[PDB]
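Quick look at structure04.tsv (TSV, C-alpha atoms and all ligand atoms):
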```tsv
chain	number	residue	atom	x	y	z
F	1	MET	CA	-1.65	194.58	-71.13
F	2	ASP	CA	0.56	192.77	-68.63
F	3	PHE	CA	0.97	195.63	-66.15
F	4	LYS	CA	4.34	195.85	-64.42
F	5	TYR	CA	4.89	199.51	-63.54
F	6	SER	CA	1.46	201.06	-62.80
F	7	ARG	CA	-1.54	200.73	-60.51
F	8	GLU	CA	-5.23	201.34	-61.17
F	9	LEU	CA	-6.72	204.31	-59.30
F	10	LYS	CA	-10.35	204.62	-58.22
F	11	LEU	CA	-11.73	208.01	-59.32
F	12	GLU	CA	-15.53	207.93	-59.12
F	13	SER	CA	-15.83	211.34	-60.78
F	14	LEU	CA	-14.81	209.82	-64.12
F	15	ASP	CA	-17.92	207.64	-64.11
F	16	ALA	CA	-20.09	210.70	-63.49
F	17	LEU	CA	-18.28	212.82	-66.10
F	18	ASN	CA	-18.80	210.10	-68.74
F	19	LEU	CA	-15.99	211.20	-71.06
F	20	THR	CA	-13.76	208.12	-70.89
F	21	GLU	CA	-16.06	205.17	-71.74
F	22	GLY	CA	-15.32	203.43	-68.46
F	23	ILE	CA	-11.61	203.09	-69.26
F	24	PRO	CA	-9.80	202.69	-65.91
F	25	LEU	CA	-7.33	205.29	-64.70
F	26	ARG	CA	-3.80	203.92	-64.33
F	27	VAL	CA	-0.77	205.75	-63.00
F	28	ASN	CA	2.90	204.79	-63.27
F	29	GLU	CA	4.42	204.07	-59.84
F	30	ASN	CA	7.44	206.31	-60.58
F	31	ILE	CA	5.77	209.67	-59.99
F	32	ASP	CA	8.89	210.82	-58.17
F	33	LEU	CA	10.94	210.26	-61.33
F	34	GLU	CA	8.38	212.12	-63.43
F	35	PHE	CA	8.50	215.11	-61.09
F	36	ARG	CA	12.32	215.03	-61.12
F	37	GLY	CA	12.28	215.19	-64.92
F	38	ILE	CA	9.90	218.17	-64.80
F	39	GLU	CA	12.06	220.06	-62.31
F	40	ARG	CA	15.21	219.42	-64.35
F	41	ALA	CA	13.42	220.66	-67.48
F	42	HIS	CA	12.49	223.86	-65.62
F	43	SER	CA	16.04	224.30	-64.32
F	44	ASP	CA	17.52	223.79	-67.80
F	45	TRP	CA	14.93	226.11	-69.39
F	46	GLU	CA	15.84	228.87	-66.95
F	47	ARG	CA	19.55	228.21	-67.56
F	48	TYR	CA	19.36	228.06	-71.36
F	49	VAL	CA	16.19	229.81	-72.59
F	50	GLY	CA	14.46	232.20	-70.20
F	51	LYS	CA	12.61	232.93	-66.98
F	52	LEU	CA	9.52	231.02	-65.86
F	53	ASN	CA	6.59	232.99	-64.43
F	54	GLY	CA	3.25	231.36	-63.76
F	55	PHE	CA	4.19	228.43	-65.98
F	56	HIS	CA	2.61	225.03	-65.39
F	57	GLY	CA	3.20	222.03	-67.63
F	58	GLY	CA	2.52	218.39	-66.90
F	59	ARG	CA	2.76	218.40	-63.11
F	60	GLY	CA	-0.39	217.69	-61.15
F	61	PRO	CA	-1.12	217.63	-57.40
F	62	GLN	CA	-1.11	213.80	-57.24
F	63	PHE	CA	0.37	212.64	-60.54
F	64	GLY	CA	1.74	214.12	-63.70
F	65	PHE	CA	0.62	213.96	-67.29
F	66	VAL	CA	3.13	211.29	-68.28
F	67	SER	CA	2.50	209.01	-65.30
F	68	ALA	CA	-1.24	208.93	-66.05
F	69	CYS	CA	-1.01	208.85	-69.85
F	70	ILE	CA	1.92	206.42	-70.25
F	71	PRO	CA	1.25	204.25	-67.17
F	72	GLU	CA	3.53	201.44	-68.38
F	73	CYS	CA	6.43	203.79	-69.16
F	74	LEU	CA	9.67	201.90	-68.50
F	75	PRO	CA	10.89	203.12	-65.07
F	76	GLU	CA	14.44	203.88	-66.23
F	77	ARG	CA	13.04	206.03	-69.07
F	78	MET	CA	10.52	208.00	-66.98
F	79	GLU	CA	12.82	210.85	-66.03
F	80	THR	CA	13.85	211.38	-69.66
F	81	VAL	CA	10.31	210.92	-71.00
F	82	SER	CA	8.92	213.41	-68.49
F	83	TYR	CA	11.72	215.90	-69.25
F	84	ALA	CA	10.89	215.70	-72.96
F	85	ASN	CA	7.16	216.11	-72.35
F	86	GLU	CA	7.79	219.13	-70.13
F	87	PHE	CA	10.16	220.56	-72.76
F	88	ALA	CA	7.30	220.22	-75.28
F	89	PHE	CA	4.90	222.12	-72.98
F	90	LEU	CA	7.50	224.88	-72.54
F	91	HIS	CA	8.35	224.99	-76.25
F	92	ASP	CA	4.71	225.05	-77.33
F	93	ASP	CA	3.84	227.94	-75.00
F	94	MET	CA	6.84	229.94	-76.20
F	95	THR	CA	5.90	229.20	-79.82
F	96	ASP	CA	2.32	230.32	-79.17
F	97	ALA	CA	3.51	233.47	-77.37
F	98	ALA	CA	5.93	234.35	-80.19
F	99	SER	CA	3.48	233.50	-82.99
F	120	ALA	CA	16.43	236.18	-78.55
F	121	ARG	CA	19.52	234.85	-80.31
F	122	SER	CA	20.97	233.38	-77.12
F	123	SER	CA	17.60	231.89	-76.13
F	124	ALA	CA	17.25	230.09	-79.48
F	125	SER	CA	20.85	228.90	-79.15
F	126	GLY	CA	20.04	227.84	-75.60
F	127	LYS	CA	17.04	225.87	-76.84
F	128	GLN	CA	19.18	223.93	-79.31
F	129	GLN	CA	21.69	223.16	-76.53
F	130	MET	CA	18.78	221.82	-74.47
F	131	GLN	CA	17.52	219.74	-77.40
F	132	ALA	CA	21.01	218.34	-78.04
F	133	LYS	CA	21.47	217.36	-74.39
F	134	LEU	CA	18.13	215.54	-74.47
F	135	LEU	CA	18.98	213.83	-77.75
F	136	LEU	CA	22.26	212.59	-76.26
F	137	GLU	CA	20.45	211.18	-73.24
F	138	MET	CA	17.85	209.44	-75.43
F	139	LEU	CA	20.53	208.00	-77.74
F	140	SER	CA	22.37	206.63	-74.70
F	141	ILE	CA	19.20	204.76	-73.68
F	142	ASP	CA	17.95	203.44	-77.05
F	143	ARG	CA	19.63	204.33	-80.33
F	144	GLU	CA	17.15	202.85	-82.79
F	145	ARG	CA	14.00	204.02	-81.05
F	146	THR	CA	15.49	207.50	-80.57
F	147	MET	CA	15.89	207.72	-84.36
F	148	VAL	CA	12.25	206.72	-84.89
F	149	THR	CA	11.17	209.23	-82.28
F	150	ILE	CA	13.11	212.22	-83.55
F	151	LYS	CA	11.96	211.66	-87.14
F	152	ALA	CA	8.42	211.79	-85.72
F	153	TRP	CA	9.36	214.90	-83.71
F	154	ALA	CA	11.02	216.76	-86.61
F	155	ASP	CA	8.23	219.24	-87.45
F	156	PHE	CA	7.66	220.03	-83.76
F	157	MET	CA	11.32	220.76	-82.94
F	173	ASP	CA	-15.67	227.98	-89.60
F	174	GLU	CA	-16.75	224.56	-88.34
F	175	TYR	CA	-15.53	221.66	-86.22
F	176	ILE	CA	-14.90	219.57	-89.37
F	177	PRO	CA	-12.03	221.77	-90.68
F	178	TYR	CA	-10.75	222.37	-87.14
F	179	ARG	CA	-8.62	219.41	-86.09
F	182	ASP	CA	0.74	220.44	-86.47
F	183	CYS	CA	0.60	216.66	-85.97
F	184	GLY	CA	0.50	216.51	-82.15
F	185	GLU	CA	-0.13	212.81	-82.61
F	186	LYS	CA	3.42	212.65	-83.99
F	187	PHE	CA	4.94	214.03	-80.79
F	188	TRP	CA	3.00	211.52	-78.69
F	189	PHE	CA	3.73	208.63	-81.06
F	190	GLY	CA	7.43	209.42	-80.72
F	191	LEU	CA	7.26	209.75	-76.94
F	192	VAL	CA	5.21	206.59	-76.22
F	193	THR	CA	7.23	204.32	-78.53
F	194	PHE	CA	10.44	205.53	-76.86
F	195	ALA	CA	8.95	205.40	-73.34
F	196	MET	CA	7.84	201.78	-73.69
F	197	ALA	CA	10.56	200.53	-76.10
F	198	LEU	CA	8.01	199.73	-78.82
F	199	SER	CA	8.81	199.06	-82.48
F	200	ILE	CA	5.78	199.31	-84.79
F	201	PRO	CA	6.32	197.09	-87.85
F	202	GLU	CA	6.38	199.20	-91.02
F	203	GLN	CA	3.53	197.16	-92.53
F	204	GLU	CA	1.24	197.95	-89.55
F	205	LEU	CA	2.10	201.65	-89.13
F	206	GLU	CA	-0.46	203.09	-91.56
F	207	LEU	CA	-3.32	201.14	-89.96
F	208	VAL	CA	-2.18	201.72	-86.36
F	209	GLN	CA	-1.82	205.47	-86.87
F	210	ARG	CA	-5.20	205.71	-88.60
F	211	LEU	CA	-7.01	203.84	-85.81
F	212	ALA	CA	-5.21	205.88	-83.11
F	213	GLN	CA	-6.67	209.10	-84.56
F	214	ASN	CA	-9.96	208.47	-82.76
F	215	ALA	CA	-8.18	208.40	-79.38
F	216	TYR	CA	-6.25	211.60	-80.21
F	217	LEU	CA	-9.51	213.33	-81.20
F	218	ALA	CA	-11.31	212.30	-78.00
F	219	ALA	CA	-8.39	213.31	-75.77
F	220	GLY	CA	-7.75	216.48	-77.77
F	221	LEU	CA	-11.38	217.60	-77.64
F	222	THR	CA	-11.51	216.92	-73.88
F	223	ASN	CA	-8.31	218.91	-73.54
F	224	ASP	CA	-9.86	221.89	-75.34
F	225	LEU	CA	-12.99	221.48	-73.22
F	226	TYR	CA	-10.98	221.84	-70.00
F	227	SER	CA	-8.52	224.49	-71.20
F	228	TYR	CA	-11.00	226.89	-72.81
F	229	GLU	CA	-11.87	228.95	-69.73
F	230	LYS	CA	-8.27	229.75	-68.80
F	231	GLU	CA	-7.41	230.34	-72.47
F	232	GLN	CA	-10.33	232.76	-72.83
F	233	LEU	CA	-9.23	234.59	-69.67
F	234	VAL	CA	-5.69	234.86	-71.08
F	235	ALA	CA	-6.92	236.09	-74.47
F	236	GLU	CA	-9.47	238.57	-73.06
F	237	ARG	CA	-6.51	240.05	-71.16
F	238	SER	CA	-4.71	240.59	-74.51
F	243	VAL	CA	-8.80	231.32	-79.53
F	244	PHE	CA	-8.04	228.15	-81.54
F	245	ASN	CA	-10.18	225.93	-79.34
F	246	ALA	CA	-12.96	223.50	-80.24
F	247	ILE	CA	-15.31	225.27	-77.81
F	248	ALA	CA	-14.75	228.56	-79.64
F	249	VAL	CA	-15.10	226.83	-83.02
F	250	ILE	CA	-18.42	225.25	-82.04
F	251	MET	CA	-19.79	228.53	-80.63
F	252	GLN	CA	-19.04	230.24	-83.95
F	253	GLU	CA	-20.22	227.35	-86.14
F	254	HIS	CA	-23.61	227.08	-84.42
F	255	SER	CA	-23.99	230.59	-82.91
F	256	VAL	CA	-24.35	229.15	-79.40
F	257	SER	CA	-23.18	229.92	-75.88
F	258	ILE	CA	-20.14	228.34	-74.17
F	259	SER	CA	-22.13	225.76	-72.22
F	260	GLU	CA	-24.11	224.81	-75.32
F	261	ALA	CA	-20.85	224.26	-77.21
F	262	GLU	CA	-19.52	222.25	-74.26
F	263	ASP	CA	-22.47	219.86	-74.59
F	264	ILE	CA	-21.88	219.47	-78.33
F	265	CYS	CA	-18.18	218.88	-77.67
F	266	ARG	CA	-18.96	216.28	-74.99
F	267	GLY	CA	-21.16	214.36	-77.44
F	268	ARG	CA	-18.33	214.27	-79.98
F	269	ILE	CA	-15.82	213.18	-77.30
F	270	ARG	CA	-18.09	210.28	-76.34
F	271	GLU	CA	-18.48	209.17	-79.97
F	272	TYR	CA	-14.72	209.20	-80.60
F	273	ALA	CA	-13.82	207.43	-77.35
F	274	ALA	CA	-16.51	204.77	-77.82
F	275	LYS	CA	-15.29	204.07	-81.37
F	276	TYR	CA	-11.68	203.77	-80.19
F	277	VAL	CA	-12.55	201.42	-77.31
F	278	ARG	CA	-14.51	199.21	-79.74
F	279	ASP	CA	-11.65	199.13	-82.24
F	280	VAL	CA	-8.99	198.27	-79.65
F	281	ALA	CA	-11.21	195.57	-78.14
F	282	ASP	CA	-11.71	193.96	-81.55
F	283	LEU	CA	-8.00	194.14	-82.42
F	284	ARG	CA	-7.01	192.55	-79.11
F	285	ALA	CA	-9.54	189.72	-79.53
F	286	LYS	CA	-8.38	188.95	-83.07
F	287	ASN	CA	-4.76	189.19	-81.83
F	288	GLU	CA	-3.34	189.58	-85.33
F	289	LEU	CA	-1.33	192.81	-84.98
F	290	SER	CA	2.09	192.64	-83.35
F	291	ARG	CA	2.38	192.86	-79.57
F	292	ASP	CA	3.99	196.29	-79.90
F	293	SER	CA	1.16	197.73	-82.01
F	294	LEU	CA	-1.43	196.36	-79.60
F	295	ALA	CA	0.61	197.78	-76.70
F	296	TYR	CA	0.61	201.22	-78.33
F	297	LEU	CA	-3.16	201.11	-78.98
F	298	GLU	CA	-3.93	199.88	-75.46
F	299	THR	CA	-1.80	202.75	-74.19
F	300	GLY	CA	-4.08	205.02	-76.16
F	301	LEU	CA	-6.88	203.90	-73.84
F	302	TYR	CA	-4.95	205.09	-70.77
F	303	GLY	CA	-4.11	208.31	-72.58
F	304	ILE	CA	-7.84	208.99	-72.73
F	305	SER	CA	-8.56	208.16	-69.08
F	306	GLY	CA	-5.30	209.66	-67.82
F	307	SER	CA	-5.50	212.97	-69.65
F	308	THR	CA	-9.15	213.39	-68.59
F	309	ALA	CA	-8.35	212.72	-64.92
F	310	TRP	CA	-5.31	214.99	-65.08
F	311	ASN	CA	-7.31	217.84	-66.70
F	312	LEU	CA	-9.63	218.05	-63.69
F	313	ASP	CA	-7.18	219.72	-61.30
F	314	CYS	CA	-3.90	220.28	-63.17
F	315	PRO	CA	-2.63	223.80	-62.34
F	316	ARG	CA	-1.96	224.43	-66.04
F	317	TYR	CA	-5.72	224.73	-66.68
F	318	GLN	CA	-6.80	226.02	-63.21
F	319	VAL	CA	-8.05	229.62	-63.40
F	320	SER	CA	-6.69	230.05	-59.83
F	321	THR	CA	-3.09	229.89	-61.14
F	322	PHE	CA	-3.60	232.64	-63.73
F	323	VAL	CA	-0.95	235.38	-63.72
F	324	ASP	CA	-0.43	238.42	-65.88
F	325	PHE	CA	2.69	238.19	-68.08
F	326	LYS	CA	3.12	234.43	-68.13
F	327	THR	CA	6.51	233.28	-69.42
F	328	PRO	CA	6.90	231.50	-71.71
F	401	NI	NI	-14.55	197.58	-84.31
```
As a first step, turn the structure in this file into structure tokens.
Amino acid sequence: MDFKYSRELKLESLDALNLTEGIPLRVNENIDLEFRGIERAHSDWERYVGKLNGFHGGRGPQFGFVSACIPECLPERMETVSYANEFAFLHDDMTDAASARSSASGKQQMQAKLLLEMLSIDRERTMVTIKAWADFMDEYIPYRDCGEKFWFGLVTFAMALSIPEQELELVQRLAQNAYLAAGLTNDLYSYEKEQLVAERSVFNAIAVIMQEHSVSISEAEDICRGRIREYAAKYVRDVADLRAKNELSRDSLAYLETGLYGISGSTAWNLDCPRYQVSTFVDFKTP
């Protein structure tokens, strides 16, 4: 990728953790815009939907989820992209909690305001993105909602990418390995806090592995880490081969390369994000 908006960050712990196949960590320079989008999402959520208590979404102590996972996000789209990602965190927690009339009406007002902002930035890519977003708005083999669809919609909007229709099936199929690696790492780092929250009241790969093999948490963590490494290594190999052949469109290769930084960025963010820190646990989280 020809980097214009991000910088590489040295984080030696990633080498020792060995979950990211040596992919470098990159962070968008416009962290301040990401954090502004997060704060506006919180302000709107409290205005339209409900009170926040002990809620943490994409913000981290140094960088946020979007700045690390979409490092080449277009600067003038960062605030809107971060808002939408934070909205998704809020909406997903409320949907988990649930699974009232004025809060659901408030949530559609908040969606409409976001849709208007996106349409004002990029009409055609907004339509691709919201069609991708439509749904959202025993063993490890059956364990796996289409969260890839949210991220596909967000990245293509964030970087003004248009995937040719004739490449979409292939690109989405190859991206699945990056989503599996990042998603398994996510479950690996969220399990402890999730178990704490459930025991005070778990669809997580750690839990699924423990049941499937009748093993302890740390034994399941090792199994999960081995799977993460397989998925990430396969993805890195595929992207490397596609970039060397240079046959796919620039936009499809940009999306797949961004999948690399989604792996390194989400893993680095998981380490100390308050969302998964046990220290930030509260009783009666809202949403
Ligand atoms: Ni290959």
Find the residues around stretch 93-123 of chain F up to 10 Å (all atoms listed in the file counted), leave out those fewer than 3 positions away in its own chain, and share them as a VMD selection string. chain F and resid 45 to 50 55 57 87 to 90 126 to 129 326 to 328
Selection near stretch 295-297 of chain F, 12 Å with only C-alpha atoms, sequence-local residues under 4 positions removed, as a ChimeraX atom specification: /F:1-3,69-73,188-201,204-205,207-216,276-284,287,289-291,301-304
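Among the candidate residues F:274, F:150, F:14, F:247, the one lying nearest to ligand NI 401 (chain F) is F:274, with distances computed using only C-alpha atoms and all ligand atoms.
Minimum distance to ligand NI 401 (chain F) across F:325, F:10, F:275, F:54 (counting only C-alpha atoms and all ligand atoms) occurs at F:275.
The residue that comes closest to ligand NI 401 (chain F), out of F:225, F:141, F:286, F:84 and on the basis of only C-alpha atoms and all ligand atoms, is F:286.
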With a distance cut-off of 12 Å and only C-alpha atoms, select the neighbouring residues of residue F:232, excluding the residue or stretch itself and same-chain residues fewer than 2 positions from it, and output the selection as JSON, numbers by chain. {"F": [224, 225, 226, 227, 228, 229, 230, 234, 235, 236, 237, 238, 243, 244, 245, 247, 248, 258, 317, 319, 322]}
Students should find that atom CA of residue F:293 and atom CA of residue F:83 are spaced 24.6 Å
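Ranking F:18, F:30, F:222, F:140 by their shortest atom-to-atom distance to residue F:62, with all atoms listed in the file included, puts F:30 first.
Atom to atom, atom CA of residue F:139 and atom CA of residue F:6 stand 25.2 Å apart.
The closest residue to residue F:67, picked from F:250, F:17, F:27, F:52 and counting only C-alpha atoms, is F:27.
Note that the spacing between atom CA of residue F:221 and atom CA of residue F:265 amounts to 6.9 Å.
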Test item: axis-aligned box, all listed atoms of stretch 70-78 of chain F, 5 Å on each side, centre and edges in Å rounded to one decimal, as lines of an AutoDock Vina configuration file:
```
center_x = 7.8
center_y = 204.7
center_z = -67.7
size_x = 23.2
size_y = 16.6
size_z = 15.2
```
Given the choices F:313, F:324, F:173, F:32, which gets closest to residue F:246 if the distance is worked out from only C-alpha atoms? F:173
Show which residues sit within 10 Å of residue F:254, as a PyMOL selection string. Count only C-alpha atoms, and ignore same-chain residues fewer than 6 positions away. chain F and resi 173-175+260-261+264
Would you list the contacts of residue F:155 as a list in words, taking every protein, DNA or RNA residue within 10 Å and counting all atoms listed in the file, but skipping same-chain residues closer than 3 positions in sequence? residues 150, 151, 152, 182, 183, 184, 186 and 187 of chain F
Could you write stretch 249-265 of chain F of the block just shown to a file containing N, CA, C and O atoms, as an mmCIF file, in the first residue's frame?
```
data_model
loop_
_atom_site.group_PDB
_atom_site.id
_atom_site.type_symbol
_atom_site.label_atom_id
_atom_site.label_comp_id
_atom_site.auth_asym_id
_atom_site.auth_seq_id
_atom_site.Cartn_x
_atom_site.Cartn_y
_atom_site.Cartn_z
ATOM 1 N N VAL F 249 -16.487 -22.558 23.762
ATOM 2 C CA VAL F 249 -16.808 -23.636 22.828
ATOM 3 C C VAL F 249 -15.725 -24.707 22.843
ATOM 4 O O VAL F 249 -16.019 -25.913 22.814
ATOM 5 N N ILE F 250 -14.456 -24.289 22.890
ATOM 6 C CA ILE F 250 -13.361 -25.253 22.904
ATOM 7 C C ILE F 250 -13.349 -26.033 24.215
ATOM 8 O O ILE F 250 -13.169 -27.257 24.217
ATOM 9 N N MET F 251 -13.517 -25.340 25.350
ATOM 10 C CA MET F 251 -13.591 -26.026 26.638
ATOM 11 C C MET F 251 -14.638 -27.134 26.618
ATOM 12 O O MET F 251 -14.380 -28.252 27.069
ATOM 13 N N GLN F 252 -15.830 -26.837 26.096
ATOM 14 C CA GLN F 252 -16.887 -27.844 26.034
ATOM 15 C C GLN F 252 -16.533 -28.956 25.056
ATOM 16 O O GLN F 252 -16.695 -30.145 25.362
ATOM 17 N N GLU F 253 -16.037 -28.585 23.873
ATOM 18 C CA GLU F 253 -15.785 -29.567 22.823
ATOM 19 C C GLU F 253 -14.734 -30.583 23.244
ATOM 20 O O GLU F 253 -14.839 -31.769 22.912
ATOM 21 N N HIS F 254 -13.724 -30.149 23.993
ATOM 22 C CA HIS F 254 -12.625 -31.027 24.363
ATOM 23 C C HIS F 254 -12.577 -31.352 25.845
ATOM 24 O O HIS F 254 -11.675 -32.085 26.266
ATOM 25 N N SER F 255 -13.506 -30.827 26.644
ATOM 26 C CA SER F 255 -13.515 -31.026 28.096
ATOM 27 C C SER F 255 -12.171 -30.628 28.709
ATOM 28 O O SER F 255 -11.462 -31.437 29.315
ATOM 29 N N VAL F 256 -11.817 -29.351 28.529
ATOM 30 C CA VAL F 256 -10.505 -28.848 28.920
ATOM 31 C C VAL F 256 -10.684 -27.544 29.692
ATOM 32 O O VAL F 256 -11.743 -26.916 29.668
ATOM 33 N N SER F 257 -9.618 -27.139 30.373
ATOM 34 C CA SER F 257 -9.641 -25.907 31.155
ATOM 35 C C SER F 257 -9.564 -24.681 30.236
ATOM 36 O O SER F 257 -9.401 -24.789 29.018
ATOM 37 N N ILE F 258 -9.670 -23.491 30.840
ATOM 38 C CA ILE F 258 -9.613 -22.247 30.068
ATOM 39 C C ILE F 258 -8.274 -22.119 29.356
ATOM 40 O O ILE F 258 -8.209 -21.849 28.149
ATOM 41 N N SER F 259 -7.183 -22.271 30.105
ATOM 42 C CA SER F 259 -5.861 -22.055 29.534
ATOM 43 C C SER F 259 -5.530 -23.106 28.482
ATOM 44 O O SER F 259 -4.767 -22.826 27.549
ATOM 45 N N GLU F 260 -6.091 -24.314 28.609
ATOM 46 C CA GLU F 260 -5.890 -25.323 27.572
ATOM 47 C C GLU F 260 -6.647 -24.951 26.304
ATOM 48 O O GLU F 260 -6.125 -25.102 25.193
ATOM 49 N N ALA F 261 -7.859 -24.420 26.458
ATOM 50 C CA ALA F 261 -8.611 -23.913 25.317
ATOM 51 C C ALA F 261 -7.926 -22.711 24.679
ATOM 52 O O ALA F 261 -7.940 -22.567 23.448
ATOM 53 N N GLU F 262 -7.358 -21.817 25.499
ATOM 54 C CA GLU F 262 -6.609 -20.687 24.961
ATOM 55 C C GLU F 262 -5.483 -21.151 24.041
ATOM 56 O O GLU F 262 -5.259 -20.558 22.981
ATOM 57 N N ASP F 263 -4.771 -22.218 24.418
ATOM 58 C CA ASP F 263 -3.673 -22.701 23.581
ATOM 59 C C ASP F 263 -4.194 -23.251 22.261
ATOM 60 O O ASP F 263 -3.607 -23.007 21.199
ATOM 61 N N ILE F 264 -5.286 -24.008 22.315
ATOM 62 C CA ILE F 264 -5.926 -24.503 21.101
ATOM 63 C C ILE F 264 -6.352 -23.331 20.219
ATOM 64 O O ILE F 264 -6.070 -23.295 19.017
ATOM 65 N N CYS F 265 -7.007 -22.342 20.822
ATOM 66 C CA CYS F 265 -7.449 -21.164 20.082
ATOM 67 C C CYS F 265 -6.273 -20.428 19.443
ATOM 68 O O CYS F 265 -6.355 -19.995 18.287
#
```
